[PDB]
Amino acid sequence: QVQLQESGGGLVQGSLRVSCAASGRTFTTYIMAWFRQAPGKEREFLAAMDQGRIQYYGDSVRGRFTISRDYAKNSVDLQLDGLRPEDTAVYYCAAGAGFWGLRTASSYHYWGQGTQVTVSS
Amino acid sequence: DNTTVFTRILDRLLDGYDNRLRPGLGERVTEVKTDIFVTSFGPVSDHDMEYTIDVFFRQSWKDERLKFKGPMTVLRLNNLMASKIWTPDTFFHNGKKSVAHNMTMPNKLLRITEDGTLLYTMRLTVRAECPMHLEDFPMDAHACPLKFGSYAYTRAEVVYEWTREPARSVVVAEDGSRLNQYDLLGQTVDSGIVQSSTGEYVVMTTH
Amino acid sequence: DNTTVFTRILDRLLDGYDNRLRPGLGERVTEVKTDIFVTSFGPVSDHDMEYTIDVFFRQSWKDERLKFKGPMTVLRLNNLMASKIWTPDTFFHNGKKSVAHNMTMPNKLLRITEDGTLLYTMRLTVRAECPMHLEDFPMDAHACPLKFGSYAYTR
Amino acid sequence: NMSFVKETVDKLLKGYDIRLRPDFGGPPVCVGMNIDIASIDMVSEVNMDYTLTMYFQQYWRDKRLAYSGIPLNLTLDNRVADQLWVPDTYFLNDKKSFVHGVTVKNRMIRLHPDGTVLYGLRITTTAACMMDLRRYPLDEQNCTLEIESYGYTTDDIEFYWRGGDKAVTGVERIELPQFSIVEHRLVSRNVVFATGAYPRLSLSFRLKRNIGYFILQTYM
Amino acid sequence: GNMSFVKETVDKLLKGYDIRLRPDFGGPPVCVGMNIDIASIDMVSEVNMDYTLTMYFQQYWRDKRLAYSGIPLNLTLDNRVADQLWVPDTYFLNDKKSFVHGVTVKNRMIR
Amino acid sequence: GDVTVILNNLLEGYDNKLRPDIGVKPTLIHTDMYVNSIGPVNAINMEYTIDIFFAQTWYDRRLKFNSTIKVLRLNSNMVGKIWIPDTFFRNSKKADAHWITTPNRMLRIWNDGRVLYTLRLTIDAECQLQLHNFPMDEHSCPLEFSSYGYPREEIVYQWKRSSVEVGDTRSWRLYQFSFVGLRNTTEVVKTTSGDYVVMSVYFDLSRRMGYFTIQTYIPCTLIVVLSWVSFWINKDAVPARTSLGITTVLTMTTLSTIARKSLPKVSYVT
Ligand SMILES: *[C@@H]1O[C@H](CO)[C@@H](O[C@@H]2O[C@H](CO)[C@@H](O[C@@H]3O[C@H](CO[C@H]4O[C@H](CO[C@H]5O[C@H](CO)[C@@H](O)[C@H](O)[C@@H]5O[C@H]5O[C@H](CO)[C@@H](O)[C@H](O)[C@@H]5O)[C@@H](O)[C@H](O[C@H]5O[C@H](CO)[C@@H](O)[C@H](O)[C@@H]5O)[C@@H]4O)[C@@H](O)[C@H](O[C@H]4O[C@H](CO)[C@@H](O)[C@H](O)[C@@H]4O[C@H]4O[C@H](CO)[C@@H](O)[C@H](O)[C@@H]4O[C@H]4O[C@H](CO)[C@@H](O)[C@H](O)[C@@H]4O)[C@@H]3O)[C@H](O)[C@H]2NC(C)=O)[C@H](O)[C@H]1NC(C)=O
Ligand SMILES: *[C@@H]1O[C@H](CO)[C@@H](O[C@@H]2O[C@H](CO)[C@@H](O[C@@H]3O[C@H](CO[C@H]4O[C@H](CO[C@H]5O[C@H](CO)[C@@H](O)[C@H](O)[C@@H]5O)[C@@H](O)[C@H](O)[C@@H]4O)[C@@H](O)[C@H](O[C@H]4O[C@H](CO)[C@@H](O)[C@H](O)[C@@H]4O[C@H]4O[C@H](CO)[C@@H](O)[C@H](O)[C@@H]4O)[C@@H]3O)[C@H](O)[C@H]2NC(C)=O)[C@H](O)[C@H]1NC(C)=O
Ligand SMILES: *[C@@H]1O[C@H](CO)[C@@H](O[C@@H]2O[C@H](CO)[C@@H](O[C@@H]3O[C@H](CO[C@H]4O[C@H](CO)[C@@H](O)[C@H](O)[C@@H]4O)[C@@H](O)[C@H](O[C@H]4O[C@H](CO)[C@@H](O)[C@H](O)[C@@H]4O)[C@@H]3O)[C@H](O)[C@H]2NC(C)=O)[C@H](O)[C@H]1NC(C)=O
Ligand SMILES: *[C@@H]1O[C@H](CO)[C@@H](O[C@@H]2O[C@H](CO)[C@@H](O[C@@H]3O[C@H](CO)[C@@H](O)[C@H](O)[C@@H]3O)[C@H](O)[C@H]2NC(C)=O)[C@H](O)[C@H]1NC(C)=O
Ligand SMILES: *[C@@H]1O[C@H](CO)[C@@H](O[C@@H]2O[C@H](CO)[C@@H](O[C@@H]3O[C@H](CO)[C@@H](O)[C@H](O)[C@@H]3O)[C@H](O)[C@H]2NC(C)=O)[C@H](O)[C@H]1NC(C)=O
Ligand SMILES: *[C@@H]1O[C@H](CO)[C@@H](O[C@@H]2O[C@H](CO)[C@@H](O)[C@H](O)[C@H]2NC(C)=O)[C@H](O)[C@H]1NC(C)=O
Ligand SMILES: CC(=O)[C@H]1CC[C@H]2[C@@H]3CC=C4C[C@@H](OS(=O)(=O)O)CC[C@]4(C)[C@H]3CC[C@]12C
Ligand SMILES: [Cl-]
């Protein structure tokens, strides 16, 4: 089975780092991305990274979040800075070649269990 | 001669023009508005994990040094004048071995407008890598990228933009489709960043 | 400054250096001393009777016109200035699409000695013809030749 | 006299801006064309293209090059083509093309007394020709070469076939191992691109595939 | 700051620059740091017994002649300037066929 | 020394754009060949790769110099400075000169003004093979050349006493074919630009059956003999005779497929 385990904090007042490790398949040639789900059932794209180290971002978080990949360890990391109270959401880690996508959840065939992150002022 | 004045204008354009420096070195960021007209999507060689595409890759940027005044509002110059002045060093990140067609001469043109805006159209045949996951072969589907950007200039020096909106900037000719066993469903246009050893660069991509 | 002296020496070397004419024209015969250092004997193509050979083809010859006096015994000219100095016109009598490496810089070297002796080192890959007699195949033996000499200049 | 020809040519090339077309402000330049199809080397269906060797020749008028007192057509050495303006023609359906270059670059420059320039090139081009093999080997394919001006719009240049229907010659002498030319057609029109309206010429052959090979190898 | 000052700075740097002479031909050896970045390996063929490699080959070296002050930012000059400056005679001993990618311009960087 | 000033005097006032005798008479060119090796005859593409040392000779009145130096030998440096004929091969699909260790070009100038130019070439020339009698066929493959721009009124090529020459033919790469003999011809060809003196060298080649006699003729005959073996088998052995018949028929079909693998897709019976 192909598993996308996730890690990272859930409570912050701030800076954070959310990691995602893949097991059961080498995602060297796949595109690894992060998605956000605020309460309201509206999945939002956050960031994605290719085999060519090329980073794509959503307009809401351009320059606030930084995506990175570690190909030797087969993982994708997201460094979050400037967290605002509206950023409270469940962050999911996804992988898969971008067919008709690269900004749409329909193109990703693998998903993480998701991690809740909350911001309290 | 009636047209000799135009030559004088050209002789006044390059007077003191240092081509080695970009339009805005140390003062601004040289915005480049680029777009592609895919004249023919070449055959996809699944053996080499490679595909081919023939494009009228055309770019534009503002260079205030070349501002002028004259009879015509636009000067359509030969390919030599393009080599005579600065131009972007755009390349294709996933490209393998392309050729700029020069039959009968270099398929290039330059249009200098009175305000200093340029327009440097080309005619390229790029054969680029298309990584594939053949788990569902022969019933699979792929997204072949075409990623291009500057080679020398980082984000702070040169930034690329799409001329029209991203969806409508890349246009594919209807009659031009050389694919034999494949079917081109469409394209998705996007932009992003690559952080290399030298620095940070803007990469404009079309899947 | 240590730079300007050698800059002016190099600039003064070719004052009238007629590269169109061989050294010692009209009073002697140019004795080109040559040798080969084969890096790797390439594969033999049976279908074409062609074989590749990568070489470090070295030539040398005396040239009185290029004599000089300076702090250094040997001057290492750059690749491009060798165009302005006469060099032998060696060709391989049995060659087919032989190539000279131009990465990252032309694989050429020109060295000039104070006595005027020039050394000209060149890196090549030669695709030469090896006319075979495949009558004892696959138990045959061949003597593949490699022949070279001047093109324009005679004995 | 060689001296008079030399000084006349020196006067012609002096004070000549290559960057400007023959009338940078004025009517378009009527650039006629004609072709001599030397051969069609390899009509490949695996790659959907065909190789074509040709003697692509262009004719036009240039008042700057006109000369008087020498009633002879000056056939100049090919290198002078670098020093003169020529049209920016290109083959739109091209994949890989080149100018044959032995012993020298196969190129022709002939100046006429009235400033009428002939510019000849011996070109080899692998032109794309997509094929519909639903009737293979009984198919009948349509392969075309599309000549077009690159930068000059229809207001600056105009293309026409110099001869009407005899501009392309040598088609009947072409022989192919597989196909057999049944018809060739010349068309002139104007196309519209994202950056204006350009002229266009089209040379289209119809190739009928022979059946004897497939009778020998497959049907029998 | 202004374009003109940088223009005159570049012209001053390239004035009197002898491309033949290495940065310290009379002096210690010049140190060249190489920072290859492998982009792809395409065809590891046993028939030809060779492999293809696409990479970004970079070379760092300290040329004291090309030294400037008053402009506190690295100058990314046009690629053609590489023909007017000294560069190492680097080459790959075990090569068979290689080329520099030439679209749109020659993919070459001088900084 | 003296040669330097002689060449400097020659070059000054020399316009390489104009041929010698621009408005006096046509320029006579004496041509000759020395065939190094006729390469493999690619029958599928219907061509052959010849290698030659093409040498031309002409008279340029502007290059007359009177001095003790009877003749000036040179290298490729002076090729571009003076006018050169634009000779090209009409039936060449692919041609190229040799460019190591220096451009393989020779230029010699006599006091009277005679210029001798010479260069090595590797010419892929198309040869329209008629394979009706394959493998027992013969061919007359041509190699044609002429001036490109200059019509007959300006340049007139011509052969020499012994123009085409061939060395030891045993070193050539003619595998199936055997060189019979060569001959030369001259004609005037009328193209849209005018008239041109087109000169041809025909090489006569004859294929050798040997390989094919080992490849297709013997195997086929055996399968026919093999088929004949069926008659001696008893007529009661139905499966044996049937198996023998079908095996021979399929083997004949396979050999037929192998037979036409070395030719172009000609639509007639060989
Ligand atoms: C479409 O785009 C195409 C791609 O850009 C384009 O193709 C190119 O076209 C140009 C223009 O026609 C070609 O340029 C010419 O090439 C001639 C040689 O061609 C052969 O060699 C090149 C490789 O060239 C290098 O190597 C050869 C030897 O191998 C050298 O002779 C070259 O100078 C050059 O040398 C350097 O590089 C070497 C390593 O590569 C180093 O070892 C060396 O030290 C040098 O640094 C091949 O590419 C050619 O083949 C390919 O291209 C052809 C194109 O038709 C294809 O058909 C073929 O299939 C291949 O793909 C080929 O093998 C040069 O001779 C020529 O330069 C001479 O002529 C020009 C004329 O303008 C002069 O300006 C120039 O100075 C040269 O003349 C001097 O030198 C000669 C020789 O001695 C003298 O005879 C002459 O009198 C003159 O003398 C003066 O200079 C001497 C010193 O040089 C001095 O000693 C004398 O005293 C005197 O002062 C020119 O460069 C180019 O090769 C094509 N290909 C490529 C890849 O660039 C195509 O045309 C475009 N099409 C159109 C229609 O636009
Ligand atoms: C193997 O690898 C090597 C190394 O990479 C390759 O080497 C390169 O090869 C190039 C091609 O030969 C060569 O470039 C030419 O150099 C000539 C040298 O002549 C003088 O050059 C300058 C003159 O200064 C003025 O001109 C330059 C531009 O040329 C400007 O930058 C200056 O500001 C001045 O205005 C001085 O160094 C000396 O005076 C030299 O004597 C150049 O003449 C030649 O110029 C032509 O091409 C230019 C590029 O297109 C063009 O801008 C210029 O206008 C010239 O144009 C020619 O063609 C037009 C056609 O219409 C014609 O009108 C012109 O009159 C002219 O004939 C080139 O710049 C590189 O220097 C060289 N690099 C080296 C050696 O390190 C080698 O090619 C490669 N071999 C292969 C791949 O086969
Ligand atoms: C291989 O396949 C190609 C593609 O199918 C064929 O190409 C077509 O061939 C036909 C042959 O008749 C061409 O037809 C002609 O097109 C001209 C277009 O010019 C302009 O005409 C009007 C007015 O401007 C507009 O439609 C538009 O602006 C065009 O640009 C017409 O003008 C021609 O008609 C006129 O002239 C003819 C005589 O030449 C008269 O008889 C008519 O009455 C009329 O006055 C004509 O229709 C067609 O354009 C080609 N299409 C192309 C090139 O894309 C090849 O023929 C085919 N080869 C074969 C079969 O061997
Ligand atoms: C240099 O070449 C030109 C071009 O060939 C010579 O010009 C004469 O050009 C005309 C075309 O404009 C040729 O046409 C013929 O056309 C007329 C109609 O114009 C027709 O009635 C004739 O039956 C013939 O088909 C003409 O033949 C041509 N003349 C010659 C003698 O070739 C020009 O004369 C040449 N310069 C010289 C010979 O000094
Ligand atoms: C011009 O180029 C130089 C060299 O690339 C730039 O300087 C270098 O910039 C990097 C950051 O981009 C510095 O990296 C950091 O260094 C500290 C201290 O070692 C380290 O703790 C960090 O982890 C990081 O590696 C680097 O030190 C710095 N060094 C030098 C030699 O300057 C410079 O900023 C560029 N200038 C411009 C205007 O682009
Ligand atoms: C090329 O053709 C010429 C002309 O036919 C040949 O030379 C002639 O040969 C005949 C027969 O020996 C002589 O009568 C003529 O006098 C020769 N003419 C000249 C000008 O010499 C020449 O031998 C042929 N070259 C070959 C066959 O390689
Ligand atoms: C041309 C070919 O491709 C050959 C290669 C091997 C051959 C087969 C080997 C064995 C037998 C068994 C025999 O059964 S019997 O009891 O009737 O003998 C019938 C004939 C049959 C099927 C042969 C037919 C021809 C072949 C398929
Ligand atoms: Cl396919």
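Residues numbered from 1 in each chain as written, not as in the entry; some residues may be left out. Chains lettered and ligands numbered in written order. Part of a larger assembly, values for the part shown. Heavy atoms only, no water.

S.K.: Looking at this structure, how should I read the overall build of chain D?
M.R.: Counting secondary structure elements, chain D contains two helices and 14 strands. Its C-alpha atoms put chain D at 75 × 40 × 25 Å along the principal axes. When the 220 residues of chain D are sorted by exposure, 59% land in the buried category. Surface exposure of chain D reaches about 9300 Å², of which carbon and sulfur atoms provide 51%. Separation of charge centres in chain D, based on 26 positive and 26 negative side chains, amounts to 2 Å. (Helix = DSSP H or I, 4+ residues; strand = E, 2+ residues; numbered from the N terminus. Buried < 20%, exposed > 50% of the residue type's maximum accessible area, 1.4 Å probe, protein only. Areas by Shrake-Rupley, 256 points an atom, 1.4 Å probe, with all protein chains shown as cover. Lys, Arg positive; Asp, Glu negative; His and termini not counted. Charge placed at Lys NZ, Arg CZ, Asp CG, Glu CD.)

S.K.: Honestly, the interface of chain F and chain D in this entry has me stumped. Any pointers?
M.R.: How big an interface is tends to be reported as the loss of accessible area on association of its parts. On the chain D side, the residues contacting the 51 residues of chain F number 40 residues. Interface of chain F and chain D: buried area, both sides summed, is about 3800 Å²; carbon and sulfur atoms make up 56% of it. If you sort the residues of chain F by the area they bury against chain D, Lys17(F), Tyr148(F) and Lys265(F) come out on top, with a joint share of 19%. At the surface where chain F touches chain D, the tally comes to zero salt bridges. Where chain F meets chain D, there are 16 residue pairs in polar contact. At the level of elements, β4 (87-89), β5 (92-97), β7 (114-126) and α3 (238-259) of chain F are the ones that each hand at least two residues to the side of chain F that touches chain D. Its residues assigned to classes, the side of chain F that touches chain D shows 21 nonpolar, 15 polar and 15 charged. (Contact = heavy atoms within 4.5 Å. Buried area = accessible area lost by both parts, 1.4 Å probe. Salt bridge = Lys/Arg side-chain N within 4 Å of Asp/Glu carboxyl O. Polar contact = N/O pair within 3.5 Å; in protein donor to acceptor, adjacent residues only side chain to side chain. Nonpolar A, V, L, I, M, F, W, Y, C, P; charged D, E, K, R; others polar.)

S.K.: Just checking my understanding: could you explain the site of ligand 6 for this structure?
M.R.: Residue and element names in this part refer to chain F. Taken together, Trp159, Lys160, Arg161, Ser163, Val164, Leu182 and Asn184 form the complete shell of residues around ligand 6. One nitrogen or oxygen atom from the main chain of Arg161 is found 2.8 Å from an oxygen atom belonging to ligand 6. Contact between ligand 6 and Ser163: a nitrogen atom at 3.2 Å from a side-chain N or O atom of the residue. Bound to the protein, ligand 6 loses 39% of the 590 Å² it would expose on its own. Along the lines of polarity and charge, the residues of the shell around ligand 6 split into three nonpolar, two polar and two charged. (Near = heavy atom within 4 Å.)

S.K.: In this structure, what is going on with the sheet that holds strand β3 (residues 50-55) of chain C? I would like to understand it.
M.R.: Strand pairing in a sheet is mediated by backbone hydrogen bonds. Such pairs are either parallel or antiparallel. All names here are of chain C. Pairing is antiparallel across the open sheet formed by four strands, whose spatial order is β2-β3-β10-β7. Of all the strands in the sheet, just β2 (38-45) and β7 (99-100) have a single pairing partner and so form its edges. With five bridges joining them, β2 and β3 adopt antiparallel strand pairing. Residue pairing for β3: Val44 is matched across the bridge by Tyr51. (Pairing = 2+ DSSP bridges.)

S.K.: Where do I start with the packing of helix α2 (residues 210-228) of chain F against α3(F) in this structure?
M.R.: Two measures define how a pair of helices packs: the angle their axes make with one another and the distance between the axes. Residue and element names in this part refer to chain F. Running from amino to carboxyl end, α2 crosses α3 at an angle of 165 degrees, the nearest separation of the two axes being 9 Å. Taken together, the axis directions place α2 and α3 in an arrangement best described as roughly antiparallel. Crossing geometry of α2 relative to α3 is assigned as left-handed. Of α3, the residues touching α2 (which contributes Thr216, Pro219, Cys220, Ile223, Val224, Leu226 and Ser227) are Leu244, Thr248, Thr251, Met252, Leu255 and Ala259. Of the residues assigned to the contact of α2 with α3, the class counts are nine nonpolar, four polar and no charged. (Axes fitted to C-alpha atoms, helices over the stretch in contact; angles between N-to-C directions. Parallel < 35°, antiparallel > 145°, perpendicular 65-115°, else oblique. Left-handed = near helix turned anticlockwise from the far one by under 90°.)

S.K.: Hey, could you run me through the site of ligand 1 in this one?
M.R.: Lining the immediate environment of ligand 1, one finds 15 residues, of which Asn102(B), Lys108(C), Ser76(F), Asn77(F) and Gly80(F) sit closest. Positioned at a junction of chains, ligand 1 has nearby residues supplied by chains B, C, D and F. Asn102(C) has a polar side-chain atom sitting 3.3 Å from an oxygen atom of ligand 1. At 2.6 Å from an oxygen atom of ligand 1 is found a side-chain nitrogen or oxygen belonging to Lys108(C). When the free accessible area of ligand 1 is taken as 1700 Å², the share hidden by the protein chains comes to 43%. The residue inventory of the shell around ligand 1, partitioned by class, reads three nonpolar, eight polar and four charged.

S.K.: What am I meant to see in the packing of aromatic side chains here?
M.R.: Geometry of an aromatic ring pair is reported as the spacing of the ring centres plus the angle between the planes. All names here are of chain B. Applying the stated rule across the entire model yields 62 aromatic pairs over all chains. Considering the side-chain rings of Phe148 and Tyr160, the 6.5 Å spacing of their centres and the 90 degrees angle between planes classify their relative orientation as edge-to-face. Of this pair, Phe148 sits in strand β11 (residues 146-149) while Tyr160 sits in strand β12 (residues 158-162); the two residues are twelve residues apart in sequence, bridging distant segments of the chain. Judged by its relative accessible area of 0%, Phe148 falls in the buried class. Take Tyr160: its relative accessible area is 2%, and that puts it in the buried class. (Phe/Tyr/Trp six-rings, centres within 6.5 Å; stacked < 30°, edge-to-face > 60°.)

S.K.: I tried to follow the interface of chain D and chain B on my own but got confused; where do I start?
M.R.: Every contact between the two is made by 31 residues of chain D and, on the other side, 28 residues of chain B. When the two sides are added together, the surface that chain D and chain B hide from each other amounts to roughly 2700 Å², 63% of it contributed by carbon and sulfur. The largest contributions to the chain D side of the interface with chain B come from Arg19(D), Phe24(D) and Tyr150(D), which together make up 30% of the buried area. Here chain D and chain B share two salt bridges between them.

S.K.: So what exactly am I meant to see when it comes to the UniProt feature "disulfide bond" in chain D here?
M.R.: All names here are of chain D. A sulfur-sulfur distance of 2.0 Å is found for the UniProt-listed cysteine pair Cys129 and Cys143, consistent with formation of the disulfide (criterion: under 2.5 Å). On the criterion of sequence distance, the pair formed by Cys129 in the loop between β9 (123-128) and β10 (140-149) and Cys143 in strand β10 is long-range, its members being 14 residues apart. Judged on exposure class, the residue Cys129 and its partner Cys143 are both buried. (Disulfide = S-S within 2.5 Å. UniProt positions renumbered as here; feature names shortened; annotations may be inferred.)

S.K.: Explain the pattern of salt bridges here, please?
M.R.: Opposite charge on two side chains makes pairing possible when the charged atoms of those side chains draw close. Throughout the structure, instances matching the rule amount to 55 salt bridges over all chains. With a shortest N-O distance of 3.3 Å, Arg64(D) and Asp62(D) are connected by a salt bridge. A salt bridge links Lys96(E) to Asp50(E); the shortest N-O distance between them is 2.7 Å. Of the two residues, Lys96(E) is situated in the segment after β4 (59-60) and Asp50(E) in the loop between β2 (37-41) and β3 (53-56); the sequence distance between them amounts to 46 residues. We classify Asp50(E) as partly exposed; its relative accessible area is 27%. Linked by salt bridges that have partners in common, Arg36(A), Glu44(A), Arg64(A) and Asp87(A) make up one network.

S.K.: Sorry if this is basic, but what is going on with helix α1 (residues 4-13) of chain B here?
M.R.: Side chains three or four residues apart in an α-helix point the same way, a direct result of the helix having 3.6 residues per turn. Residues and elements named next belong to chain B. Those residues of α1 lying buried are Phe6, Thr7, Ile9, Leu10 and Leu13. Burial along α1 is one-sided: seen end-on, the buried residues are contained in an arc of 155 degrees. For α1, the elements touching its buried residues are β5 (74-77) and α2 (79-84). (Arc of directions from axis to C-beta.)

S.K.: What's the story with the sheet that holds strand β11 (residues 177-191) of chain F in this structure? I'm lost.
M.R.: All names here are of chain F. The four strands are arranged β4-β8-β12-β11 in an open sheet whose pairing can be described as antiparallel. Looking at strand neighbours, the two that pair on one side only are β4 and β11, the edges of this open sheet. Between one strand axis and the next, the sheet turns by 25 degrees as a mean value, whatever way the strands run. Summarising the sheet, strand β8 (residues 138-147) and strand β12 (residues 194-207) pair through eight bridges and their orientation is antiparallel. Considered in β12, the bridge of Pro142 is made with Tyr202.

S.K.: What should I look at first to understand the pairing of strand β1 (residues 30-35) of chain B in this one?
M.R.: Regular strands place their side chains on alternate faces of the sheet. Residue and element names in this part refer to chain B. When β1 meets β12, the two strands line up parallel, connected through five bridges. Among the inter-strand pairings, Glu31 is bridged to a residue of β12, identified as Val159. Sheet topology note: the β1/strand β4 (residues 58-61) ladder contains four bridges and is antiparallel. Bridging from a neighbouring strand, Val32 pairs with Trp61 of β4.

S.K.: Just to check I follow, could you spell out the arrangement of the chains for this structure?
M.R.: Among the six pairs of chains that make contact, the interface with the largest number of contacts is formed by chains D and F. For the non-touching pair chain A and chain E, the nearest C-alpha separation works out to 8 Å. Chain D makes no contact with chain E; the smallest distance between any of their C-alpha atoms is 16 Å.

S.K.: Is there a simple way to think about the UniProt feature "disulfide bond" in chain C in this case?
M.R.: Residue and element names in this part refer to chain C. A sulfur-sulfur distance of 2.0 Å separates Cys130 from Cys144, so the disulfide listed by UniProt for this pair is formed here. In this pair, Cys130 is assigned in the loop between β10 (124-129) and β11 (148-149) and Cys144 in the loop between β10 and β11, connecting sequence segments 14 residues apart. Assessed through its relative accessible area of 2%, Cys130 is described here as buried.

S.K.: Can you walk me through the nonpolar core in this structure?
M.R.: In summary, soluble globular proteins display a tendency toward joint burial of nonpolar side chains. If you look at the biggest cluster of nonpolar residues, it comprises 63 residues, and the most contacted ones within it are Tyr48(F) and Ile123(F). Sorting elements by how many residues they give to this core places β7(F) first, with six residues. Those residues in contact with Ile123(F) that lie beyond four places of it in its chain are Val102(D), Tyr48(F), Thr49(F), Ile50(F), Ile52(F), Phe89(F), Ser92(F), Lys94(F), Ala95(F) and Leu143(F). Counting 60 residues, the second largest nonpolar core, distinct from the first, contains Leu76(D), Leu111(D), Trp161(D) and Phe179(D). (Core = buried A, V, L, I, M, F, W, Y, C linked by side-chain atoms within 4.5 Å.)

S.K.: Sorry if this is basic, but what is going on with the state of the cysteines here?
M.R.: Tallied over the full model, the rule gives five disulfides over all chains. A sulfur-sulfur separation of 2.0 Å characterises the disulfide bridge that pairs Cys130(B) with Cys144(B). Residues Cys130(B) and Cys144(B) share a disulfide whose torsion about the S-S bond is about -70 degrees; that sign makes it left-handed. With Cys130(B) in the loop between β10 (124-129) and β11 and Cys144(B) in the loop between β10 and β11, this residue pair connects regions lying 14 residues apart in the sequence. Looking at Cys130(B), the relative accessible area reads 0%, which means it is buried. Between the sulfur atoms of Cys130(C) and its disulfide mate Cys144(C) the distance is 2.0 Å. As the torsion about the S-S bond is roughly -65 degrees, the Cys130(C)-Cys144(C) disulfide counts as left-handed.

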